[PDB]
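K.L.:
this one is an experimental structure. Sequence first:
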Amino acid sequence: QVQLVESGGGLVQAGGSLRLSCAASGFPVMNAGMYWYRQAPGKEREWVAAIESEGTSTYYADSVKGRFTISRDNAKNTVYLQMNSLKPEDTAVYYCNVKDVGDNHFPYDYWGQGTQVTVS
Amino acid sequence: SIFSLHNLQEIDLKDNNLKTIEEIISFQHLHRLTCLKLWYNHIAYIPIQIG
């Protein structure tokens, strides 16, 4: 089966570094486009980070460009995301997303459960 | 382990998601290799070792 799940959720005051993670089942991570989205109370899902398959190129939005770092670890079959002193206004619920893996069935977009990270 | 098959003539590696094909530097041993196929892969630069 195909399922997406992440971890690392925890409220951290401004001044530290939080290392997120993920977990992908049923497909390799190298041959797939992995996405990170943010969810906030009263706000829709905003794209944050994307890593491109077959070449491993990082794509960032201008909202948080130049601060985050995304890497793919095929040994654990996961995607690691690291922040660099994220601002208090950056608090959101982060969602993982992988779309159109080599397997092509009815669910084309796979999302994670969702982890809430608080900055104050 | 393909480097030891000295009698090979055709090599097909379709849809193997090959990223680097630098192993061409070791295919000069095969004196009968004529139809190396590497189609349907993700390879960026053809190695200089084709010579």
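P.N.:
Sure thing, it's come through. Numbering: from 1, shown residues only, chains lettered A, B, ... in the order given.

K.L.:
ok, now how distant is residue A:107 from chain B?
P.N.:
Counting by C-beta to the nearest C-beta, to the nearest Å, the separation of residue A:107 from chain B is 23 Å. Where C-beta positions appear, they are placed from N, C-alpha and C, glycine not excepted.

K.L.:
grab the nearest non-local neighbour of the residue in chain A positioned nearest to chain B.
P.N.:
Residue nearest to chain B within chain A: residue A:54 (4.0 Å; C-beta to the nearest C-beta). Among residues not flanking residue A:54 along the chain, residue B:42 sits closest, at 4.0 Å (C-beta to C-beta, 6 or more residues apart in numbering or on different chains).

K.L.:
what's around that neighbour, how many residues?
P.N.:
Other residues lying near residue B:42 total 14 when counted by other C-beta atoms under 10 Å in any protein chain shown.

K.L.:
need the contact list for it.
P.N.:
A:54, A:55, B:17, B:18, B:19 (C-beta atoms under 8 Å, 6 or more residues apart in numbering or on different chains).

K.L.:
which of those residues sit farthest apart?
P.N.:
For the contacts of residue B:42, the farthest-apart pair by C-beta to C-beta is A:55 and B:18; their separation is 13.1 Å.

K.L.:
follow-up on the earlier one: the residue of chain A closest to chain B contacts residue A:31, correct?
P.N.:
Yes. The pair residue A:54 and residue A:31 passes the contact test of C-beta atoms under 8 Å, sitting 7.0 Å apart.

K.L.:
okay, and the common contacts of those two?
P.N.:
Joint contacts of residue A:54 and residue A:31 (C-beta under 8 Å, 6+ apart) are residue B:17.

K.L.:
buried stuff in the lengthiest strand in chain A?
P.N.:
Secondary structure assigned by DSSP state E gives strand A:43-52 as the longest strand of chain A. Within strand A:43-52, the residues scored as buried using 16 or more other C-beta atoms under 10 Å in any protein chain shown are A:48, A:49, A:50, A:51.
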